[PDB]
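Raw contents of final22.pdb, PDB, C-alpha atoms and all ligand atoms:
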```
ATOM      1  CA  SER A 435     -93.441   6.331 -49.352
ATOM      2  CA  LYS A 436     -95.127   8.894 -51.618
ATOM      3  CA  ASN A 437     -96.804  10.629 -48.654
ATOM      4  CA  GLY A 438     -93.470  10.972 -46.848
ATOM      5  CA  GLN A 439     -93.825   8.647 -43.830
ATOM      6  CA  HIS A 440     -90.856   6.363 -43.136
ATOM      7  CA  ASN A 441     -90.593   5.834 -39.354
ATOM      8  CA  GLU A 442     -93.676   3.605 -39.112
ATOM      9  CA  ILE A 443     -92.333   1.588 -42.083
ATOM     10  CA  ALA A 444     -88.911   1.243 -40.399
ATOM     11  CA  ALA A 445     -90.638   0.028 -37.237
ATOM     12  CA  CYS A 446     -92.834  -2.404 -39.184
ATOM     13  CA  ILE A 447     -90.586  -4.106 -41.726
ATOM     14  CA  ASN A 448     -88.091  -5.793 -39.351
ATOM     15  CA  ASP A 449     -90.898  -7.840 -37.782
ATOM     16  CA  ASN A 450     -92.356  -8.222 -41.293
ATOM     17  CA  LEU A 451     -89.133  -9.792 -42.550
ATOM     18  CA  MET A 452     -89.056 -11.982 -39.411
ATOM     19  CA  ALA A 453     -92.649 -13.168 -39.980
ATOM     20  CA  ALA A 454     -92.103 -13.495 -43.741
ATOM     21  CA  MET A 455     -89.019 -15.658 -43.202
ATOM     22  CA  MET A 456     -90.964 -17.652 -40.598
ATOM     23  CA  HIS A 457     -93.989 -18.186 -42.876
ATOM     24  CA  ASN A 458     -92.048 -18.742 -46.210
ATOM     25  CA  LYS A 459     -92.968 -15.845 -48.524
ATOM     26  CA  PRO A 460     -90.132 -15.116 -51.000
ATOM     27  CA  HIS A 461     -91.818 -12.325 -52.979
ATOM     28  CA  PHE A 462     -92.419 -10.326 -49.787
ATOM     29  CA  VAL A 463     -88.728 -10.550 -48.794
ATOM     30  CA  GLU A 464     -87.887  -9.537 -52.356
ATOM     31  CA  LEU A 465     -90.289  -6.597 -51.947
ATOM     32  CA  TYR A 466     -89.205  -5.314 -48.513
ATOM     33  CA  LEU A 467     -85.572  -5.088 -49.613
ATOM     34  CA  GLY A 468     -84.880  -1.815 -51.415
ATOM     35  CA  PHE A 469     -86.933   0.086 -48.818
ATOM     36  CA  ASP A 470     -84.000   0.189 -46.320
ATOM     37  CA  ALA A 471     -84.726  -3.298 -44.979
ATOM     38  CA  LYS A 472     -81.707  -3.683 -42.563
ATOM     39  CA  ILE A 473     -81.444  -7.497 -42.310
ATOM     40  CA  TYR A 474     -78.954  -7.495 -39.366
ATOM     41  CA  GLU A 475     -81.432  -5.764 -36.973
ATOM     42  CA  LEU A 476     -83.815  -8.744 -36.819
ATOM     43  CA  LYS A 477     -85.123  -9.784 -33.394
ATOM     44  CA  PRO A 478     -86.522 -13.220 -32.428
ATOM     45  CA  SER A 479     -89.882 -14.153 -30.956
ATOM     46  CA  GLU A 480     -88.677 -15.513 -27.602
ATOM     47  CA  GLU A 481     -85.542 -14.901 -25.529
ATOM     48  CA  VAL A 482     -82.598 -17.306 -25.473
TER      49      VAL A 482
ATOM     50  CA  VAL B  52     -40.585  16.897 -65.243
ATOM     51  CA  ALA B  53     -42.985  19.602 -66.412
ATOM     52  CA  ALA B  54     -44.485  20.519 -69.769
ATOM     53  CA  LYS B  55     -43.343  23.924 -71.013
ATOM     54  CA  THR B  56     -45.227  24.136 -74.332
ATOM     55  CA  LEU B  57     -48.925  23.609 -75.021
ATOM     56  CA  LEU B  58     -50.398  22.717 -78.412
ATOM     57  CA  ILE B  59     -53.452  24.963 -78.815
ATOM     58  CA  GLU B  60     -56.033  24.800 -81.592
ATOM     59  CA  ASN B  61     -56.727  27.503 -84.155
ATOM     60  CA  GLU B  62     -60.193  28.972 -84.577
ATOM     61  CA  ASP B  63     -60.962  27.767 -88.122
ATOM     62  CA  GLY B  64     -58.722  24.841 -89.141
ATOM     63  CA  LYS B  65     -56.938  21.939 -87.428
ATOM     64  CA  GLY B  66     -54.563  23.051 -84.686
ATOM     65  CA  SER B  67     -52.363  26.084 -84.050
ATOM     66  CA  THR B  68     -48.747  26.727 -83.100
ATOM     67  CA  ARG B  69     -47.374  25.446 -79.802
ATOM     68  CA  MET B  70     -47.189  28.459 -77.492
ATOM     69  CA  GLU B  71     -45.249  28.363 -74.240
ATOM     70  CA  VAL B  72     -46.367  28.048 -70.623
ATOM     71  CA  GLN B  73     -45.651  31.753 -70.094
ATOM     72  CA  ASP B  74     -47.409  32.466 -73.397
ATOM     73  CA  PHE B  75     -51.255  32.018 -73.908
ATOM     74  CA  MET B  76     -52.206  32.513 -70.241
ATOM     75  CA  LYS B  77     -52.424  36.325 -70.150
ATOM     76  CA  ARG B  78     -56.032  36.281 -71.416
ATOM     77  CA  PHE B  79     -57.207  34.738 -68.111
ATOM     78  CA  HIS B  80     -57.648  37.467 -65.503
ATOM     79  CA  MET B  81     -58.478  37.730 -61.810
ATOM     80  CA  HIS B  82     -59.644  40.288 -59.259
ATOM     81  CA  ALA B  83     -57.725  41.179 -56.105
ATOM     82  CA  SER B  84     -60.794  42.959 -54.703
ATOM     83  CA  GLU B  85     -64.458  43.353 -55.597
ATOM     84  CA  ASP B  86     -63.995  47.028 -56.502
ATOM     85  CA  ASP B  87     -61.620  46.141 -59.347
ATOM     86  CA  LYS B  88     -63.292  45.653 -62.731
ATOM     87  CA  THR B  89     -60.334  45.455 -65.126
ATOM     88  CA  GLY B  90     -58.355  43.394 -62.626
ATOM     89  CA  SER B  91     -54.936  41.771 -62.679
ATOM     90  CA  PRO B  92     -53.570  38.818 -64.633
ATOM     91  CA  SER B  93     -54.336  35.685 -62.669
ATOM     92  CA  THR B  94     -51.084  33.555 -62.512
ATOM     93  CA  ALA B  95     -52.928  30.770 -60.619
ATOM     94  CA  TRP B  96     -53.099  27.667 -62.796
ATOM     95  CA  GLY B  97     -51.556  24.235 -63.008
ATOM     96  CA  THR B  98     -52.203  20.802 -61.498
ATOM     97  CA  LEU B  99     -53.523  19.906 -58.051
ATOM     98  CA  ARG B 100     -52.860  16.528 -56.438
ATOM     99  CA  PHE B 101     -55.392  14.969 -54.056
ATOM    100  CA  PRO B 102     -54.969  12.245 -51.403
ATOM    101  CA  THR B 103     -55.853   8.651 -52.481
ATOM    102  CA  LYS B 104     -55.853   9.568 -56.212
ATOM    103  CA  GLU B 105     -53.394   8.139 -58.731
ATOM    104  CA  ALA B 106     -53.827  10.938 -61.281
ATOM    105  CA  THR B 107     -53.620  14.714 -60.920
ATOM    106  CA  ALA B 108     -56.187  17.304 -61.974
ATOM    107  CA  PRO B 109     -55.503  20.693 -63.662
ATOM    108  CA  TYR B 110     -56.995  23.907 -62.301
ATOM    109  CA  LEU B 111     -57.312  27.460 -63.604
ATOM    110  CA  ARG B 112     -58.753  30.691 -62.211
ATOM    111  CA  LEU B 113     -60.527  32.855 -64.795
ATOM    112  CA  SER B 114     -62.319  36.178 -64.513
ATOM    113  CA  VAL B 115     -66.080  36.529 -64.903
ATOM    114  CA  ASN B 116     -65.585  38.902 -67.872
ATOM    115  CA  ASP B 117     -63.130  36.516 -69.572
ATOM    116  CA  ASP B 118     -63.919  34.569 -72.736
ATOM    117  CA  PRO B 119     -65.345  31.025 -72.331
ATOM    118  CA  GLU B 120     -63.804  29.990 -75.673
ATOM    119  CA  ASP B 121     -60.339  30.654 -74.191
ATOM    120  CA  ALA B 122     -61.145  28.197 -71.377
ATOM    121  CA  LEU B 123     -62.514  25.788 -74.018
ATOM    122  CA  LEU B 124     -59.195  26.125 -75.865
ATOM    123  CA  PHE B 125     -57.446  25.481 -72.517
ATOM    124  CA  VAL B 126     -59.415  22.192 -72.142
ATOM    125  CA  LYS B 127     -58.655  21.297 -75.799
ATOM    126  CA  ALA B 128     -54.973  22.229 -75.344
ATOM    127  CA  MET B 129     -54.764  20.130 -72.153
ATOM    128  CA  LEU B 130     -56.280  17.109 -73.923
ATOM    129  CA  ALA B 131     -53.969  17.764 -76.890
ATOM    130  CA  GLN B 132     -51.004  17.847 -74.495
ATOM    131  CA  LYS B 133     -52.063  14.715 -72.609
ATOM    132  CA  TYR B 134     -53.879  12.381 -75.032
ATOM    133  CA  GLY B 135     -52.265  13.752 -78.197
ATOM    134  CA  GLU B 136     -53.879  15.414 -81.191
ATOM    135  CA  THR B 137     -55.890  12.278 -82.053
ATOM    136  CA  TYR B 138     -58.047  12.293 -78.918
ATOM    137  CA  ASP B 139     -61.724  11.348 -78.807
ATOM    138  CA  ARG B 140     -64.141  14.107 -79.787
ATOM    139  CA  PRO B 141     -67.236  14.326 -77.525
ATOM    140  CA  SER B 142     -70.759  13.689 -78.810
ATOM    141  CA  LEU B 143     -72.657  14.957 -75.744
ATOM    142  CA  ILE B 144     -71.989  17.628 -73.120
ATOM    143  CA  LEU B 145     -73.764  16.451 -69.988
ATOM    144  CA  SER B 146     -74.305  19.180 -67.392
ATOM    145  CA  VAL B 147     -75.568  18.217 -63.923
ATOM    146  CA  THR B 148     -76.877  20.919 -61.599
ATOM    147  CA  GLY B 149     -78.426  20.708 -58.188
ATOM    148  CA  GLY B 150     -78.478  21.715 -54.560
ATOM    149  CA  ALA B 151     -75.113  21.434 -52.861
ATOM    150  CA  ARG B 152     -75.674  21.441 -49.102
ATOM    151  CA  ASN B 153     -79.435  20.819 -49.047
ATOM    152  CA  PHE B 154     -79.276  17.410 -50.755
ATOM    153  CA  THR B 155     -81.408  14.896 -48.840
ATOM    154  CA  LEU B 156     -82.953  12.012 -50.792
ATOM    155  CA  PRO B 157     -84.166   8.455 -50.034
ATOM    156  CA  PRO B 158     -81.582   5.718 -50.951
ATOM    157  CA  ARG B 159     -83.889   3.941 -53.438
ATOM    158  CA  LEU B 160     -84.425   7.121 -55.474
ATOM    159  CA  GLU B 161     -80.700   7.930 -55.123
ATOM    160  CA  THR B 162     -79.724   4.507 -56.497
ATOM    161  CA  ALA B 163     -82.314   4.944 -59.288
ATOM    162  CA  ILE B 164     -80.843   8.350 -60.313
ATOM    163  CA  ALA B 165     -77.326   6.879 -59.841
ATOM    164  CA  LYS B 166     -78.110   3.819 -62.004
ATOM    165  CA  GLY B 167     -79.679   5.992 -64.730
ATOM    166  CA  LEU B 168     -76.750   8.434 -64.679
ATOM    167  CA  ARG B 169     -74.284   5.508 -64.590
ATOM    168  CA  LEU B 170     -75.819   3.817 -67.653
ATOM    169  CA  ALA B 171     -76.121   7.216 -69.389
ATOM    170  CA  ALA B 172     -72.480   8.120 -68.670
ATOM    171  CA  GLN B 173     -71.356   4.614 -69.657
ATOM    172  CA  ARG B 174     -73.266   4.494 -72.961
ATOM    173  CA  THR B 175     -72.886   8.194 -73.839
ATOM    174  CA  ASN B 176     -69.107   8.784 -73.287
ATOM    175  CA  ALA B 177     -70.101  12.333 -72.387
ATOM    176  CA  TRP B 178     -68.297  15.307 -70.855
ATOM    177  CA  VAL B 179     -69.943  15.918 -67.476
ATOM    178  CA  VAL B 180     -69.943  19.491 -66.153
ATOM    179  CA  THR B 181     -71.006  19.831 -62.502
ATOM    180  CA  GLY B 182     -70.215  22.183 -59.670
ATOM    181  CA  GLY B 183     -66.755  21.752 -58.246
ATOM    182  CA  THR B 184     -67.521  21.312 -54.543
ATOM    183  CA  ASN B 185     -67.633  18.134 -52.445
ATOM    184  CA  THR B 186     -71.169  18.361 -51.042
ATOM    185  CA  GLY B 187     -74.274  16.658 -52.349
ATOM    186  CA  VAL B 188     -75.067  15.824 -55.949
ATOM    187  CA  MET B 189     -71.648  16.851 -57.319
ATOM    188  CA  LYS B 190     -70.105  14.466 -54.757
ATOM    189  CA  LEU B 191     -72.621  11.838 -55.976
ATOM    190  CA  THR B 192     -71.803  12.471 -59.675
ATOM    191  CA  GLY B 193     -68.104  12.270 -58.782
ATOM    192  CA  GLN B 194     -68.848   8.922 -57.109
ATOM    193  CA  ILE B 195     -70.560   7.743 -60.356
ATOM    194  CA  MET B 196     -67.574   8.879 -62.448
ATOM    195  CA  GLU B 197     -65.179   7.396 -59.851
ATOM    196  CA  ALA B 198     -67.022   4.093 -60.291
ATOM    197  CA  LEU B 199     -66.924   4.361 -64.096
ATOM    198  CA  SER B 200     -63.371   5.745 -64.288
ATOM    199  CA  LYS B 201     -61.718   2.553 -63.015
ATOM    200  CA  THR B 202     -61.863   0.753 -66.364
ATOM    201  CA  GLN B 203     -62.035   3.921 -68.547
ATOM    202  CA  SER B 204     -60.303   2.385 -71.709
ATOM    203  CA  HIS B 205     -57.594   4.798 -72.906
ATOM    204  CA  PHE B 206     -59.528   8.078 -73.109
ATOM    205  CA  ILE B 207     -60.831   9.152 -69.704
ATOM    206  CA  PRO B 208     -63.716  11.633 -70.267
ATOM    207  CA  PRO B 209     -63.062  14.907 -68.388
ATOM    208  CA  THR B 210     -65.225  15.992 -65.466
ATOM    209  CA  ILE B 211     -65.089  19.779 -65.364
ATOM    210  CA  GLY B 212     -65.920  21.399 -62.045
ATOM    211  CA  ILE B 213     -66.801  25.071 -62.448
ATOM    212  CA  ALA B 214     -66.930  26.813 -59.073
ATOM    213  CA  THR B 215     -66.695  30.329 -57.677
ATOM    214  CA  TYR B 216     -63.272  31.435 -56.441
ATOM    215  CA  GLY B 217     -63.493  32.881 -52.936
ATOM    216  CA  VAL B 218     -65.549  29.915 -51.681
ATOM    217  CA  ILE B 219     -62.890  27.172 -51.922
ATOM    218  CA  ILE B 220     -60.809  26.705 -48.733
ATOM    219  CA  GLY B 221     -57.614  25.684 -50.553
ATOM    220  CA  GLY B 222     -57.675  28.583 -52.981
ATOM    221  CA  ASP B 223     -55.277  30.921 -51.157
ATOM    222  CA  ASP B 224     -52.573  28.256 -50.978
ATOM    223  CA  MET B 225     -53.153  27.567 -54.685
ATOM    224  CA  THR B 226     -52.763  31.218 -55.728
ATOM    225  CA  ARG B 227     -49.579  31.797 -53.725
ATOM    226  CA  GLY B 228     -46.520  30.229 -55.352
ATOM    227  CA  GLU B 229     -45.188  29.760 -58.924
ATOM    228  CA  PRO B 230     -47.393  30.173 -62.102
ATOM    229  CA  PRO B 231     -47.365  26.457 -63.196
ATOM    230  CA  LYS B 232     -47.845  25.251 -59.582
ATOM    231  CA  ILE B 233     -47.509  21.733 -61.094
ATOM    232  CA  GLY B 234     -47.098  20.018 -57.728
ATOM    233  CA  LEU B 235     -49.459  21.919 -55.444
ATOM    234  CA  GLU B 236     -50.943  19.545 -52.878
ATOM    235  CA  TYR B 237     -54.559  20.133 -51.837
ATOM    236  CA  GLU B 238     -55.564  19.966 -48.160
ATOM    237  CA  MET B 239     -59.248  19.101 -47.775
ATOM    238  CA  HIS B 240     -58.994  19.122 -43.964
ATOM    239  CA  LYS B 241     -57.462  22.614 -43.751
ATOM    240  CA  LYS B 242     -59.665  25.092 -41.888
ATOM    241  CA  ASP B 243     -59.506  28.474 -43.695
ATOM    242  CA  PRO B 244     -61.382  31.268 -41.813
ATOM    243  CA  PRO B 245     -63.674  33.095 -44.353
ATOM    244  CA  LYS B 246     -64.539  29.957 -46.286
ATOM    245  CA  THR B 247     -66.198  26.582 -45.769
ATOM    246  CA  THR B 248     -66.323  24.359 -48.883
ATOM    247  CA  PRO B 249     -63.636  22.051 -50.334
ATOM    248  CA  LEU B 250     -63.332  20.809 -53.897
ATOM    249  CA  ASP B 251     -64.191  17.248 -54.862
ATOM    250  CA  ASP B 252     -61.230  14.998 -55.644
ATOM    251  CA  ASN B 253     -62.969  12.988 -58.393
ATOM    252  CA  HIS B 254     -63.314  15.940 -60.796
ATOM    253  CA  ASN B 255     -60.774  15.886 -63.610
ATOM    254  CA  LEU B 256     -60.423  19.634 -64.304
ATOM    255  CA  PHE B 257     -61.238  22.816 -62.386
ATOM    256  CA  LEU B 258     -62.397  26.281 -63.458
ATOM    257  CA  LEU B 259     -62.578  28.870 -60.658
ATOM    258  CA  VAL B 260     -64.556  31.968 -61.633
ATOM    259  CA  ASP B 261     -63.394  35.161 -59.921
ATOM    260  CA  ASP B 262     -65.484  38.286 -59.380
ATOM    261  CA  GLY B 263     -63.577  39.711 -56.398
ATOM    262  CA  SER B 264     -66.167  38.548 -53.860
ATOM    263  CA  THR B 265     -65.530  36.428 -50.771
ATOM    264  CA  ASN B 266     -68.194  33.879 -49.625
ATOM    265  CA  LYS B 267     -70.737  35.197 -52.151
ATOM    266  CA  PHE B 268     -72.443  32.704 -54.422
ATOM    267  CA  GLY B 269     -73.825  32.518 -57.937
ATOM    268  CA  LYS B 270     -70.880  34.022 -59.834
ATOM    269  CA  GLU B 271     -70.116  30.795 -61.755
ATOM    270  CA  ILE B 272     -73.391  30.525 -63.694
ATOM    271  CA  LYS B 273     -73.228  32.554 -66.926
ATOM    272  CA  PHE B 274     -69.619  31.584 -67.700
ATOM    273  CA  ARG B 275     -70.635  27.918 -67.225
ATOM    274  CA  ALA B 276     -73.656  28.269 -69.552
ATOM    275  CA  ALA B 277     -71.677  30.166 -72.210
ATOM    276  CA  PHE B 278     -68.874  27.576 -71.861
ATOM    277  CA  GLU B 279     -71.358  24.744 -72.510
ATOM    278  CA  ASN B 280     -72.848  26.682 -75.461
ATOM    279  CA  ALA B 281     -69.321  27.310 -76.817
ATOM    280  CA  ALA B 282     -68.468  23.603 -76.463
ATOM    281  CA  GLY B 283     -71.757  22.710 -78.165
ATOM    282  CA  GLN B 284     -71.022  25.009 -81.099
ATOM    283  CA  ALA B 285     -67.398  23.825 -81.170
ATOM    284  CA  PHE B 286     -67.793  20.036 -81.120
ATOM    285  CA  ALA B 287     -71.273  20.130 -82.859
ATOM    286  CA  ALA B 288     -72.966  18.286 -79.998
ATOM    287  CA  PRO B 289     -76.164  18.721 -77.930
ATOM    288  CA  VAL B 290     -75.914  19.838 -74.300
TER     289      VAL B 290
HETATM  290  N1  LIG C 501     -71.819  25.167 -55.183
HETATM  291  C1  LIG C 501     -71.985  25.298 -53.850
HETATM  292  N2  LIG C 501     -71.214  24.628 -52.974
HETATM  293  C2  LIG C 501     -71.375  24.755 -51.649
HETATM  294  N3  LIG C 501     -72.302  25.542 -51.086
HETATM  295  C3  LIG C 501     -73.145  26.260 -51.851
HETATM  296  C4  LIG C 501     -73.028  26.180 -53.307
HETATM  297  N4  LIG C 501     -73.967  26.988 -53.817
HETATM  298  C5  LIG C 501     -74.633  27.540 -52.776
HETATM  299  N5  LIG C 501     -74.137  27.106 -51.608
HETATM  300  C6  LIG C 501     -74.614  27.503 -50.274
HETATM  301  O1  LIG C 501     -75.109  26.361 -49.587
HETATM  302  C7  LIG C 501     -76.492  26.498 -49.278
HETATM  303  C8  LIG C 501     -77.244  25.295 -49.811
HETATM  304  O2  LIG C 501     -77.885  25.672 -51.019
HETATM  305  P1  LIG C 501     -78.399  24.522 -52.003
HETATM  306  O3  LIG C 501     -79.833  24.823 -52.342
HETATM  307  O4  LIG C 501     -78.018  23.205 -51.387
HETATM  308  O5  LIG C 501     -77.496  24.741 -53.306
HETATM  309  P2  LIG C 501     -77.914  25.864 -54.367
HETATM  310  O6  LIG C 501     -78.150  27.160 -53.638
HETATM  311  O7  LIG C 501     -78.965  25.302 -55.277
HETATM  312  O8  LIG C 501     -76.596  26.003 -55.252
HETATM  313  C9  LIG C 501     -76.709  25.746 -56.639
HETATM  314  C10 LIG C 501     -75.326  25.700 -57.249
HETATM  315  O9  LIG C 501     -74.895  24.343 -57.326
HETATM  316  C11 LIG C 501     -74.613  23.967 -58.671
HETATM  317  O10 LIG C 501     -75.388  22.816 -58.998
HETATM  318  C12 LIG C 501     -75.021  25.117 -59.569
HETATM  319  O11 LIG C 501     -73.933  25.503 -60.407
HETATM  320  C13 LIG C 501     -75.368  26.264 -58.652
HETATM  321  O12 LIG C 501     -74.389  27.293 -58.789
HETATM  322  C14 LIG C 501     -76.986  27.771 -49.937
HETATM  323  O13 LIG C 501     -77.621  28.611 -48.974
HETATM  324  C15 LIG C 501     -75.759  28.470 -50.468
HETATM  325  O14 LIG C 501     -75.511  29.644 -49.702
END
```
Write the structure described by the file as structure tokens, please.
Amino acid sequence: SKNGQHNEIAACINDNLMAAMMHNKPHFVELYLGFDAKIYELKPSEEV
Amino acid sequence: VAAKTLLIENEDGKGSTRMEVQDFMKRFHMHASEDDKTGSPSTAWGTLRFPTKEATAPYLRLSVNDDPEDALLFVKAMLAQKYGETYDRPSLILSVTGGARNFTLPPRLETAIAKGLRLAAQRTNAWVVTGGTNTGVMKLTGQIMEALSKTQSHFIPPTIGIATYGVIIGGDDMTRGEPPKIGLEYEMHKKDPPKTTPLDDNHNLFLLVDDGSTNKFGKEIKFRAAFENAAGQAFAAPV
């Protein structure tokens, strides 16, 4: 965030919330919020 | 339903005589063109009313060669007319400056600056002087004071927007009409041809500095700095 990149972070953190909710890490989902986390744009692993 | 007399303050003691609405306003001048240096008397002052706002906001147009202590006595006479003679004296004059149309920040840093300015404006009870326009950090500081002006106790702290006349799109409707112009409605969506910027509706008072120029910037700087230095030597407060 200091170097000025944000688009790789905004690609990464939606799957990082999904994997951090799937693998039970609360401090990571506390950390990824505040960095424009966008909870509603989560996508699952498989297709329904 | 309009005030005709204003209680002004004298320069050395505690309050002066109540001059009229037609009195005391001849010291504020304006320029019809940029070639004029002495200029005309202004006759463009009063209260503007915004959409979705319960309260109104006074405005005045002053010349660039006019005295800032006269505009400081206008702010003190307006608070003496509204909140009475026993109003709250300020302890800090809090001036915010920044880029108007080039404001582009991350939201985490914007909420950090907004939380620091919100706790500073809440604990300070300060008089915030920004630019008057509705783009960028003055819009953000008006959003902070719109968040903190909901409770507000009795004394609302004023939020003086000092902006250059000739930039504001609703200025030519504000100048044409009667001197008090107490009920002049402001149109933010009106498309005036030689101008682009509207005022912000969350500012509590407006000072429009005139130099005769149209769409030329930077004329509201030295009057703003001498107005903050005159308020700091008047109320004995740091700026
Ligand atoms: N107050 C303004 N409102 C709207 N537009 C402006 C303003 N001042 C300048 N502009 C125009 O908008 C463009 C964006 O410039 P910015 O860098 O965003 O603003 P800046 O030029 O820094 O203006 C500083 C102004 O704002 C106040 O904080 C301060 O009183 C100073 O007069 C500039 O090219 C300028 O022509």
If you count only C-alpha atoms, the residue of B:270, B:241, B:174, B:159 closest to chain A turns out to be B:159
Taking all listed atoms of region 456-475 of chain A, build the axis-aligned box, pad each of the six sides by 6 Å, then write its centre and edge lengths in Å to one decimal as JSON.
```
{"center_x": -86.5, "center_y": -9.3, "center_z": -45.0, "size_x": 27.0, "size_y": 30.9, "size_z": 28.0}
```
Inset, instruction - Define the interface residues of chain B facing chain A as those within 10 Å, counting all atoms listed in the file, and report them as a PyMOL selection string. - result: chain B and resi 157-160+162
Exercise: residue 207 (chain B) partners within 10 Å, only C-alpha atoms, chain neighbours under 4 positions left out, as a PDB file with C-alpha atoms, in the coordinates of the input:
```pdb
ATOM      1  CA  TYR B 134     -53.879  12.381 -75.032  1.00  0.00           C
ATOM      2  CA  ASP B 139     -61.724  11.348 -78.807  1.00  0.00           C
ATOM      3  CA  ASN B 176     -69.107   8.784 -73.287  1.00  0.00           C
ATOM      4  CA  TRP B 178     -68.297  15.307 -70.855  1.00  0.00           C
ATOM      5  CA  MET B 196     -67.574   8.879 -62.448  1.00  0.00           C
ATOM      6  CA  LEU B 199     -66.924   4.361 -64.096  1.00  0.00           C
ATOM      7  CA  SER B 200     -63.371   5.745 -64.288  1.00  0.00           C
ATOM      8  CA  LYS B 201     -61.718   2.553 -63.015  1.00  0.00           C
ATOM      9  CA  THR B 202     -61.863   0.753 -66.364  1.00  0.00           C
ATOM     10  CA  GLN B 203     -62.035   3.921 -68.547  1.00  0.00           C
ATOM     11  CA  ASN B 255     -60.774  15.886 -63.610  1.00  0.00           C
TER      12      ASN B 255
END
```
Taken to one decimal, the CA of residue 216 (chain B)-CA of residue 54 (chain B) distance is 25.5 Å
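Taking all atoms listed in the file into account, the protein and nucleic acid residues that come at most 8 Å from ligand LIG 501 (chain C) are residues 147, 148, 149, 150, 151, 152, 153, 154, 181, 182, 183, 184, 185, 186, 187, 188, 189, 213, 214, 215, 218, 248, 267, 268, 269, 270, 271, 272 and 275 of chain B.
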d(CA of residue 143 (chain B), CA of residue 167 (chain B)) in Å: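 Atom-to-atom, CA of residue 143 (chain B) to CA of residue 167 (chain B), that is 15.8 Å.
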- Query: Taking (-89.4, -13.3, -45.1) in the file's coordinates, which residues come within 12 Å, counting only C-alpha atoms, written as number ranges by chain?
  - Reply: A: 447-467, 471, 473, 476
If you keep C-alpha atoms, can you produce a file of those selected residues as a tab-separated table (two decimals), in the coordinates of the input?
```
chain	number	residue	atom	x	y	z
A	447	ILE	CA	-90.59	-4.11	-41.73
A	448	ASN	CA	-88.09	-5.79	-39.35
A	449	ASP	CA	-90.90	-7.84	-37.78
A	450	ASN	CA	-92.36	-8.22	-41.29
A	451	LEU	CA	-89.13	-9.79	-42.55
A	452	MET	CA	-89.06	-11.98	-39.41
A	453	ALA	CA	-92.65	-13.17	-39.98
A	454	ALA	CA	-92.10	-13.50	-43.74
A	455	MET	CA	-89.02	-15.66	-43.20
A	456	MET	CA	-90.96	-17.65	-40.60
A	457	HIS	CA	-93.99	-18.19	-42.88
A	458	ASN	CA	-92.05	-18.74	-46.21
A	459	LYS	CA	-92.97	-15.84	-48.52
A	460	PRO	CA	-90.13	-15.12	-51.00
A	461	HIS	CA	-91.82	-12.32	-52.98
A	462	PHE	CA	-92.42	-10.33	-49.79
A	463	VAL	CA	-88.73	-10.55	-48.79
A	464	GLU	CA	-87.89	-9.54	-52.36
A	465	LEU	CA	-90.29	-6.60	-51.95
A	466	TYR	CA	-89.20	-5.31	-48.51
A	467	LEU	CA	-85.57	-5.09	-49.61
A	471	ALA	CA	-84.73	-3.30	-44.98
A	473	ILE	CA	-81.44	-7.50	-42.31
A	476	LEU	CA	-83.82	-8.74	-36.82
```
Expanded to explicit residues, what is the PyMOL selection byres (((chain B and resi 61-71) around 12) and not hetatm) for this file, as a list in words?
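Listing what the PyMOL selection byres (((chain B and resi 61-71) around 12) and not hetatm) selects in the shown file: residues 53, 54, 55, 56, 57, 58, 59, 60, 72, 73, 74, 75, 76, 77, 120, 121, 123, 124, 125, 127, 128, 129, 131, 132, 135, 136, 137, 231 and 285 of chain B.
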B:172, B:239, B:52, B:259 ranked by distance to residue 103 (chain B), top pick (using all atoms listed in the file) |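 The shortest atom-to-atom distance to residue 103 (chain B) comes from B:239.
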field: Test item: residues at most 6 Å from residue 113 (chain B), only C-alpha atoms, excluding those fewer than 6 positions along its chain, as a ChimeraX atom specification
entry: /B:79-80,260
Just the number, please: distance in Å from CA of residue 144 (chain B) to CA of residue 171 (chain B), one decimal.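 Value for the CA of residue 144 (chain B)-CA of residue 171 (chain B) distance: 11.8 Å.
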With the PyMOL selection byres (((chain B and resi 257) around 7) and not hetatm) as the selection, what would be picked from this file? Answer as JSON, numbers by chain, please. {"B": [109, 110, 111, 183, 211, 212, 213, 256, 258, 259]}
Answer key for the PyMOL selection byres (((chain B and resi 104) around 12) and not hetatm), residues as a list in words: residues 99, 100, 101, 102, 103, 105, 106, 107, 108, 197, 200, 201, 236, 237, 251, 252, 253, 254 and 255 of chain B
request  = Please provide the set of residues having any atom within 9 Å of residue 85 (chain B), restricted to only C-alpha atoms, with same-chain residues fewer than 4 positions apart removed, written as a PyMOL selection string.
outcome  = chain B and resi 262-265
